[PDB]
Each structure stands twice: as C-alpha cells, then as structure tokens.
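Structure record follows, encoded as structure tokens.
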Amino acid sequence: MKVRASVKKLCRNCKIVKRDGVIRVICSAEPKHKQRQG
Amino acid sequence: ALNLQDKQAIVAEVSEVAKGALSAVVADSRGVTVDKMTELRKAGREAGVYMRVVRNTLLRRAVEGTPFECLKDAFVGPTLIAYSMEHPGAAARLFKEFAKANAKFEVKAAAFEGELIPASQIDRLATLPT
Amino acid sequence: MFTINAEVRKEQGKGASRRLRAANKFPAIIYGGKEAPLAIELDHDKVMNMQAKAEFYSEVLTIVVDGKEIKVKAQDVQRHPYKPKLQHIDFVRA
Amino acid sequence: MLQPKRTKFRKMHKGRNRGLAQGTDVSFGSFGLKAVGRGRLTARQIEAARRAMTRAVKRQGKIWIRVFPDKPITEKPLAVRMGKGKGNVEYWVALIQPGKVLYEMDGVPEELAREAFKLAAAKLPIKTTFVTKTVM
Amino acid sequence: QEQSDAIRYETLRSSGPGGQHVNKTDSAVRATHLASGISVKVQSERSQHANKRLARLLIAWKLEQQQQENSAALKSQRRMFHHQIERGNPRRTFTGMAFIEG
Amino acid sequence: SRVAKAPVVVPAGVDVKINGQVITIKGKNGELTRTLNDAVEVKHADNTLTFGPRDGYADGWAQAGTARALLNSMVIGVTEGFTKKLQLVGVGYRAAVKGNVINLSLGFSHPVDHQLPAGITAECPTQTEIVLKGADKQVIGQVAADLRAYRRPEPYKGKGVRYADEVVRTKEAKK
Amino acid sequence: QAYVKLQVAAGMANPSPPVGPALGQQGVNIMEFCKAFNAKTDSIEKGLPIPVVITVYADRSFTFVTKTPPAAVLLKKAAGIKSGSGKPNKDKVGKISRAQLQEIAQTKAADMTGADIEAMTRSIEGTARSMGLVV
RNA sequence: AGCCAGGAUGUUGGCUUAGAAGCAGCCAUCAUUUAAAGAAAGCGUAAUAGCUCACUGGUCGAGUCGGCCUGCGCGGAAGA
RNA sequence: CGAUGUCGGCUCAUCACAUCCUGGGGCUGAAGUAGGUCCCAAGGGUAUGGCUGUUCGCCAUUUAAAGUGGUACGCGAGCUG
Ligand SMILES: [Mg+2]
Ligand SMILES: [Mg+2]
Ligand SMILES: [Mg+2]
Ligand SMILES: [Mg+2]
Ligand SMILES: [Mg+2]
Ligand SMILES: [Mg+2]
Ligand SMILES: [Mg+2]
Ligand SMILES: [Mg+2]
Ligand SMILES: [Mg+2]
Ligand SMILES: [Mg+2]
Ligand SMILES: [Mg+2]
Ligand SMILES: [Mg+2]
Ligand SMILES: [Mg+2]
Ligand SMILES: [Mg+2]
Ligand SMILES: [Mg+2]
Ligand SMILES: [Mg+2]
Ligand SMILES: [Mg+2]
Ligand SMILES: [Mg+2]
Ligand SMILES: [Mg+2]
Ligand SMILES: [Mg+2]
Ligand SMILES: [Mg+2]
Ligand SMILES: [Mg+2]
Ligand SMILES: [Mg+2]
Ligand SMILES: [Mg+2]
Ligand SMILES: [Zn+2]
C-alpha cells in the first residue's frame, strides 16, 4: 500500500474506488499500484 | 464511421448489386480465417478484386440498401446472412464453392439460402452453364 | 453568419456593469459612423460560444437590438483577466 | 536564475501586490501559462519551472519567460535583532497578479504544451491555468 | 571518489558552559559526514547558527584534509617506488642509443 | 438501473412469496429468504419479478439493481444452485470431508478443520480439489474465501488454496 | 498444432547451433526433421533457407509442406550485396529496378496470396525501400 | 460496457551483439491480402517460442463520453 | 526585579505518539532466514558500567528493546551541590 495525499491511476488497470470515505486505487495488474489516500 | 462514409458504402453495395446479377450467402459463426482466405483467393484467381466478403448485412444497412433492387433480400437481414456479389458471366460457378466451404469444417451456420436469383428454392441448384 | 441578440442598457457605469456580469450578461457598445454609440447588454454564454469561432472576429456580425438588425464587426474585446469570460466588446458599425 | 544585471538601487520597499496583471494575452507563443493566483515568484522558482517545461518539450519549439524577477528581497541573518538597518538582498522575485502570463510556448502541439505547462506549474507557488493565443 | 555532501547536524549543549543561560541553552552544533566517519563539534560562538555555519566549513575542511593525507600518502608511495626498483631482471630490454628492440 | 430493468423470470416449480420487503423464494434445491431495502419496490408479474425505486428514495435505482441481482441469484440457487471449485497446490497439501467438516492439510503444525454453514455441502473428487455446492451464492463464495484464506496462494510458486478459475500471478526471486 | 517456422539455410544439415532446443522442445527428434529437409533439398539448389509447416501429431508422424525461399535472401541475391543498410535514409547503399523486381515477384507468385503480381511488386518495392534500396 | 472472431504477407527489416527473430539498443518506421492488423503498446525468452493490446467485424439495443464553468461537501489533517 | 532558585544527578513520576520492543497488516528490487518501507496500534515493557559536573557523546558488555518528546527543557517548602 502507498499511503499518499495524491492517489492517481498509475496504469490502465488502476481503478479509483471510494471505500468507507477513503479514495483508494486498486490495481488488478500491479500490487505496487495499490494506493490509499491518507 | 461517420454518416458520409456509410453513404458511400451503401452506394457501393447498391452499385455492386446493380452491376452483378448472381451472388452467394455466407455466415461465419465458426468461419475460420483459413476458409475465409480461401474464399478470397477463389475470387482473386477467378477475377479482379471487385469480389468481396463484405459483412454489411444489418437490418438497417443491407435492409435499407436492398429496396433499390433485389428487394427480396430484405427478409434475409435477420440472423446475420452475408453476401458475395458476382458481376461477369451468366450464372458463375461460385455458388457451389460456398457449399464446399460449409462442407469442409464449418458449423453450417450460413444455411445456403442462395437468395433465389433465378427465383428458385433454397436447396442447392447444381445445374449451371458449362 | 453570427446573429447576436442584444438589449439597450438601461443604466451604465461600474456598478451596473458588475451587476450585468454577475447576472450572466456583459456590456458592449456599437460605435462608428455618424450614429451615436449604442450601449448594449449581451448574454455572456451565447457570445462566448460565438467568439470561440475564429471567424467571429473576421466576418460581419448582425446585432439584433430593439427588433433592429445592425451590421457590425468585433472591434475589440475585453476579457476577464484569468477566466474564460468576456467583460466588454467593441463593435464598429459595418 | 534571472536577476537584473544592474539595479539603480540595491534595496526596495516591501510594497504591496494588489491589482490585476497587465501581460494578460498570449503575445509571443501559441500557448501560455497564466497566473490565476496572486503572489511572488522567486528567480529559483522561475528557473525550476523553465527547466521542467524545457525538458518536457525536449528542447523543441520555443519558450518565452514573460515575468522577470526584479524586486530584491531582503532578509536579516539568523539571530539578529529588529533594528540595525535593512537586511541583505537574498533573492529576487517577480510580483504576480492574477491574469499574468508567466510563460509562453509554441512550436509544439497543444497537448505537449499542456503537459509541459502542467509539469512547470507543479514547481510554482501560485495557482495557474493554461491559455491559448486568441485572435483579438 | 568525491564523497557526497550528506552532512547531518545535531545541535546540543556546549562544553565548558560558563553561565545560567548557557547551562540551559543548546547552542553547540555537532556535524557528521555520513559514509565518511568525520564528526566535529563546533561551539566557538554565542549562537547555534554561527556554530552550524562553522560546522559546515569545518566538515568541508576535514574532508579537505582527508584528501590531503590521502594524496600525501600517494606522494610517499611514489617516491618509495624510486627506492624499490630492482636494477636487475628486466621486464624489457632496449639496446643502443635509439632503443633498437623490445 | 439498467440491471433493475431486466425482469427476473421464475421457472417452473419456483414458489415466490413476496411480503413487504421480505421475499421467500423456494425451489427444488432449497429455500432462500431475504429482506430488501425499503427503497426497493418488487412486484411479481405472472411469470417474472420486476424491481424499481419507491418514490421518495434518493438511491432507489441503485438499490433496485442490487435487489434484482440478488433475487436473480436466489432464483438460480433454488433451481440449480451454485458450485465453487477450490484446488490446493503444493506438496503435502490435501483435503477431506467428514459430513460437513473439511479437514485440511496445508503444511501447518495442527489440523485445519473448517466447519460449514447449514446450506453448503462439500466434496473432494480428489485430495487436491474441493468442490462445494450450495443454494446461496454469497454463502458459497464466503466459504470458498474462508478456505482460501487458510492458505492464500503464494506469489513465488502459487502454492496454497486457490480458486480453479483464479490465475495466480507468479513472481520470480531475482538473484 | 505447434506449426512453427524456425530453420536456417539448407546448407547446414542438423542445424543444432542456430536453432537447437526449439526444434526439439517436444518428443520430436532431431533426425527426422533433418532427413525430411535434405529429402526436399535434393530437388533444389543448396544454401538457401527454406520454411516448412510442422504439425507435430501424436502418432509420431509429422506432416510438412514447404514454401518458397525468403524474399529477403532473394532480394539480397538481386542486390548482389550482403549488408542491406544501416542508417538508411541519410546515405544510399545501392539502387534497384522495377522490372527485375517484377521478375522477382513473378516466380514466387504461386506461394504468395496475390493474384495481380503488380501489388506484390509494390510490396517488394516498399520492402527494398526500407531495406535501404531506393528503386 | 460485456460477450464471439481475426489480428496476417513481404519480414525472422537490416546491424552490434555472444545471440536480437516486435519488444537489448540504432535507424528506417515502409509497402501487400485489406472488414483489420503497429516493422509493433504491454506481458513473455537465452533468441525464439508464446498471451493480451491497437484496430477491425459479429451479437445486444438506448443512451453514452470527457472537457469547461460553478454550489456544497471528501482526503491531505500528528501532542502532550 | 517589595525574589517565579539555575545545569546535571537522585527519588518519584505523568501524559503525547511522530512506535524502540512486543501485537496486527500492505508493498517489496519479499524464495526461506534476515531485511527495506509504509499503515494500524500507547497495553505493557523499554540497560549496567568506564570517562567526564555533565546532559550529550565515545567506548566496554548486555537486552525483545535500550523510543522520541511534553510536563517551569516535570521534580531543591523532596535530596545533592
Ligand atoms: Mg473497514
Ligand atoms: Mg500519513
Ligand atoms: Mg463600488
Ligand atoms: Mg503605496
Ligand atoms: Mg503591476
Ligand atoms: Mg562570566
Ligand atoms: Mg535561553
Ligand atoms: Mg462494444
Ligand atoms: Mg477538504
Ligand atoms: Mg525578577
Ligand atoms: Mg511578593
Ligand atoms: Mg500511529
Ligand atoms: Mg513489513
Ligand atoms: Mg507508555
Ligand atoms: Mg499507558
Ligand atoms: Mg489508553
Ligand atoms: Mg484491554
Ligand atoms: Mg521544552
Ligand atoms: Mg527543569
Ligand atoms: Mg522529560
Ligand atoms: Mg518543588
Ligand atoms: Mg537542582
Ligand atoms: Mg514550590
Ligand atoms: Mg560547587
Ligand atoms: Zn495499475
């Protein structure tokens, strides 16, 4: 998990999802792209 | 494709159906690239590149085009039945070539109507000029 | 052809022009020729869409004000300093 | 790091930075980076943005810097009382009003200019926006 | 190799205080060059900031010496080469006034 | 919305019983009862169920789509049900069933003994594979997730309890 | 089924180095392919690469049908050179001619899927142009 | 948007490399069968081999897409 | 400024969390072992000595760890000096 203030799509497969009031990036292709805004 | 290119394509098919009387039908549910390339090579070695495999048989594309002439093709729109026109020669021999195409490893999806150019039935007409 | 619907400005000045620009309009003026200048108010969105075109500043424009067509050309435009907005337009009678 | 070659005076009053800017239209290039916000750009910041955008455009096309840092900014050294004269000039700033075109660029496509100006704007303290040449 | 400028500062109280405000204030600056092994402690000024600046200069100066003893040991090695040359078994032999062979 | 548009057909021998927000579907496989959010209007039209928003509910359409999907899954479950197929990977890994308890040997120092809920039944065609069947899609998915959580497939050899459909991305230890 | 074209100039029997394990990935041997290759190269001149289809069927009896020699080496023989071009557009290596190009395209017509050989002659024209050979 | 297919011919482009075959790098970055296919976007190899992608056609059958200006919110946000 | 006694030590603490250990977890250029980094988490725990008035630091040897800070840089109507 990357915990950042600026969470971005890092490739095609990253998806922005708002879970429990938190913006998150979930990537099927690349676990390194998993992001969590915080 | 924007409407203009669609209009040129529809004019092209209307011109081709006007120019050539005979044609054949084909539906590629399990139509392999091998058999498709063979049907192309067939047309090429017989004559020029005018012969195509064009898959333009929509309910509003070929069905819109046919009211010019061969209005009987309007009913054919349903269930994805394609066309292959044939300009020169009286009753060319490429009707039966699709019969062999279906015979050799195809799921039999085309169903070979033959569109009754001589106003015949759907069953194969093996009689042709020789 | 661009046709721009306009009204004659009832009141003029700094506060009145602020009020127009707040109410999604903007001032403009037609001058040129022996006719006295005409101060008009324009709908901002319509004219912004029009002037997005490059020929807005080249062709001849028709402003319809009080049911009267006037042939003009966009002489100068005042743009908002940092917004995609128009503050004022000069039309010269064509 | 831009800086006046000479200045008629060495130090300058703090002044104020009210009002809207003057260089508001894209004048030299095809695309411009305009200041929406208000503030002062240091010579270092201007240099950093120029480097970022130059590297983004791959040293292709042309870039104008429409702001020049001409106001010297003084600082007192650490651990010094409040009197004892004005502090030493440490850097130079350009006062920026909303609407000021900061950089201009052309010879590149509009998307490449947008990307270059985005990277450049990341290096600036004031909020900016992308603008294009307008006929009139 | 020119070891990078990666100085690390730690500001503490000063040794040999002399006074209440001194006993309590933290004004000495101990500087450390990372991946070098050079640690200095400057407290020869009233305030933290002057000590920190002197500490920067002193880290620079201690790396300058480290350079100097390094180059000086190379000097010594190079002269010592002049005394370890066996005037015998030749790697290569040249003859005549024109070095005619190899 | 667009999911809520499509009505859910109820095949032969599928007793639907709507009651306010509570729907009980009954089939040859089993019976499933589920209460829906108040925002959902559900009606049975002679062979089908249709869903829509109730007036005065902001997220009516999204709730309706959720309800449509849930009831369609309930239909599928009561008629033919759902099956999940796990299959263990790794030497020494195996599974067995004793009535309603899956005994797992996953390289642990203790026996792993997963109890099942009421509706789920498991079987092992082989030692490696666990095929579990049930009526409720959520429950079967949850049980499969629990078993896979016992030993999540590792990235270096794919070793662990995995879904058969799942593709385990494999990482290489770079030296 | 595993119809893959990986061979070298026919002059090398048992071309183990250039190809190696690829030709022997499955239970196929190294000897059957070479004997079939030489059996065919009896009927043609030696030294040219020859592509062949390879159906590795279960009964250990593979069906192979060959193609024409590569147009790459054929245009190399046409140019009478070995190295085609590097950094092509700046400096021109050699010059090549439409009619002999048509002579090239006419003979390989049977294998290539082209009826009007003019199209394939344009194709070989573009090939030579990229090859560094302006016609 | 999902779902079915193709995604090819020259060509395995030539070098320098240890070998380079779309994917090590340099450059050319073209032409053909053309519904369509990049001398190759990614994944894959020792090099291949091999899997998606671009695009394209098929089914379905009403909206869909991302830019702009804006109101109000969200994260950024740790202290005795 | 008609007095709010300073450093360090001792004794006794208490809180914060920006967590040193122990606990949970994500990513890893994470095979394992051992790491790196980030997230959660303050329940408990969290060296003895040599030198120096020292805090610190260096060193010796430990420890799961030898946390970082606030508390009048906590604590002299509690001690030392
Ligand atoms: Mg939660
Ligand atoms: Mg954080
Ligand atoms: Mg006023
Ligand atoms: Mg003033
Ligand atoms: Mg000014
Ligand atoms: Mg004194
Ligand atoms: Mg003090
Ligand atoms: Mg689609
Ligand atoms: Mg906020
Ligand atoms: Mg006092
Ligand atoms: Mg008193
Ligand atoms: Mg925390
Ligand atoms: Mg970790
Ligand atoms: Mg504690
Ligand atoms: Mg506590
Ligand atoms: Mg607590
Ligand atoms: Mg408790
Ligand atoms: Mg303090
Ligand atoms: Mg104290
Ligand atoms: Mg304390
Ligand atoms: Mg006290
Ligand atoms: Mg004391
Ligand atoms: Mg007291
Ligand atoms: Mg004393
Ligand atoms: Zn991603």
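A note on names: the letters A, B, ... follow the listed sequences, proteins ahead of strands, and every chain is numbered from 1. Note that these values count all heavy atoms, side chains included, but never hydrogens, waters or copies made by symmetry.
A donor-acceptor pair under 3.5 Å is formed between the side chain of C:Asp43 and the backbone N or O of C:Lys46. A donor-acceptor contact shorter than 3.5 Å is absent between the side chain of A:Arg36 and the backbone of A:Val22. Using a distance-only test at 3.5 Å, with no hydrogens or angles considered, a donor-acceptor pair links the side chain of B:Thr57 to the main chain of B:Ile81. Between the C:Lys85 side chain and the C:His44 main chain, no donor and acceptor come within less than 3.5 Å of each other. Although no hydrogens or angles enter the test, the distance criterion places a donor-acceptor pair under 3.5 Å between the side chain of A:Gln37 and the main chain of A:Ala5. Judged by distance alone, with hydrogens and angles left aside, the side-chain atoms of C:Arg18 form no donor-acceptor pair with the main-chain N or O of C:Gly13 at under 3.5 Å. Between the side chain of D:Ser27 and the backbone N or O of D:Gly23, no donor-acceptor pair lies under 3.5 Å. Under a 3.5 Å cut-off, the side chain of D:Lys34 and the backbone N or O of D:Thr24 do form a donor-acceptor pair. In this structure, the side chain of G:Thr127 engages the main chain of G:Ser123 through a donor-acceptor pair within 3.5 Å.
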**Study point:** Intermediate values then yes/no, salt bridge (charged side-chain N to carboxylate O under 4.0 Å, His left out), G:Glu125 and G:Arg129
**Key:** CA-CA 6 Å; G:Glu125 189 276 331; G:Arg129 158 57 199 80; over 6 Å; no
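Under 4.0 Å is where a charged nitrogen must lie from a carboxylate oxygen, and between C:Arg9 and C:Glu41 no such pair does. Taking the charged nitrogens against the carboxylate oxygens, D:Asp106 and D:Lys133 have no contact shorter than 4.0 Å, which rules out a salt bridge. Ionic pairing of D:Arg51 and D:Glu47 is present here: one or more N-O contacts between side-chain nitrogen and carboxylate oxygen are shorter than 4.0 angstrom.
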Could you list the donor-acceptor pairs under 3.5 angstrom formed by side chains in residues 110-131 of chain D, with sequence neighbours left out?
| unit_1 | atom_1 | unit_2 | atom_2 | d |
| --- | --- | --- | --- | --- |
| D:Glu110 | OE2 | D:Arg114 | NE | 2.5 |

Got a list of side-chain donor-acceptor pairs under 3.5 Å for residues 85-103 of chain D, not counting sequence neighbours?
| unit_1 | atom_1 | unit_2 | atom_2 | d |
| --- | --- | --- | --- | --- |
| D:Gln97 | NE2 | D:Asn17 | OD1 | 2.8 |
| D:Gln97 | NE2 | D:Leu95 | O | 3.4 |
| D:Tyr103 | OH | D:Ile46 | O | 2.6 |

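Residues B:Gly65 and B:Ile10 come closest through the heavy atom pair CA-CD1, 3.6 Å.
Proximity of D:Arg40 to D:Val67: side-chain heavy atoms (C-beta onward) are nowhere separated by under 4.5 Å. C:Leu61 has its side chain out of reach of C:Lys71: every pair of non-hydrogen atoms, C-beta onward, lies at least 4.5 Å apart.
Here C:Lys25 contributes atom NZ and C:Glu7 contributes atom CD; the two are 7.0 Å apart, rounded to the nearest 0.5 Å.
Counting only N and O atoms by type, the side chains of C:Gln51 and C:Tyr57 include a donor and acceptor under 3.5 Å apart.
Two rings, from C:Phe91 and C:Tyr31, have their centers 6.0 Å or more apart. Remark: aromatic rings of C:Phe26 and C:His88 are distant, center separation not under 6.0 Å.
With sequence neighbours left out, the side-chain hydrogen bond (donor to acceptor under 3.5 Å, both in side chains) criterion links B:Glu86 to no other residue.
Results of the salt bridge (charged side-chain N to carboxylate O under 4.0 Å, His left out) test with D:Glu104 over D:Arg66, D:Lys62, D:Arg50 single out D:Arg66 as the only residue that passes.
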